[PDB]
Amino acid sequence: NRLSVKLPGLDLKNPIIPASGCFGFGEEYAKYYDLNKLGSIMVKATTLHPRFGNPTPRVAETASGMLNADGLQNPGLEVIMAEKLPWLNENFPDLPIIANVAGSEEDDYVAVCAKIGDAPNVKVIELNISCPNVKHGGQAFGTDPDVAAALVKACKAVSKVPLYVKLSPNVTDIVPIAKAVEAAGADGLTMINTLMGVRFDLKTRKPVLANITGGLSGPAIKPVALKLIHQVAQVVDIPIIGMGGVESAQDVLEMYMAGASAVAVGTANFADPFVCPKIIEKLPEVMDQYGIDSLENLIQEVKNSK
């Protein structure tokens, strides 16, 4: 239909995708609506081994946003291949799944990328490079173009599905990293991951988060997301799934004006569990309001804008 969009590895009925780490592996939000309404799902990060994650408190509220520092808690590859992904395949066999892949060192990233494409419902791997690198001094794989390009090319060597890369906003210049990752064979990009923030408790005078720092998400970060998506779209020809503060069909369309081809929705699910289906159903009315016939056309019109 009008909402349908086609991306490498993804023939989506609509462009609305719950963002990784905000939907689990679907089992809880499924209690609230038929997940088939979604275009896709970015499931919680997969690491090679299980991770309990960071100590609590893990979250904090901010003005039009939140902080989070769960630390990529997940049951690990085996359990995700055996339990989490099969449950989604059984209950929603036609719903394509984007597997968010994280790690502490390159070998770990590669091992997950070799295996997780085997799951039939997994159509795309989302490479999360905002992770501290224990072979590089704790350096997030995504702040250095050469590190990032190496990681991408290595994982590209073993993926049986198209490989997207999730870019971090915490850089002086995102253009070198984006260029390098496309050159290393990335089929697409997703952006953005969280900003870094801190809250202090006035009584204890200590940080609210046990991790001290946390990732800043929510509508507060949408202007930064649009800036970086727009910046990157002028510099690469692979498509972009945009995210950061999306809350409404208006926000979705604004993501398109920036150069995104589909839109992920994260923090909004916590305020409103129905936000993703609500956005999906109000998209055609809102597209009418601004004279947009189809999302596929809008992508090409904007791509030629240019």
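Residue numbers run from 1 along the displayed sequence.
Higher mean CA temperature factor, per the PDB entry, when comparing 189-197 with 176-184: 176-184.
Higher mean CA temperature factor, per the PDB entry, when comparing 19-27 with 281-289: 281-289.
Listed residues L77, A225, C155, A102 were ranked by CA B-factor as deposited; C155 comes out on top. When the C-alpha B-factors of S217, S130, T213, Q231 are read from the PDB record, the largest value belongs to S130. Ranked by Cα temperature factor within the chain, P239 sits in the highest third according to the deposited record.
Annotation for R58: C-alpha temperature factor in the middle third relative to the rest of the modelled chain, per the entry. Ranked by Cα temperature factor within the chain, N269 sits in the highest third according to the deposited record. Annotation for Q139: CA B-factor lies in the highest third of the chain's modelled residues. For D107, the recorded CA temperature factor ranks within the highest third of the chain's modelled residues.
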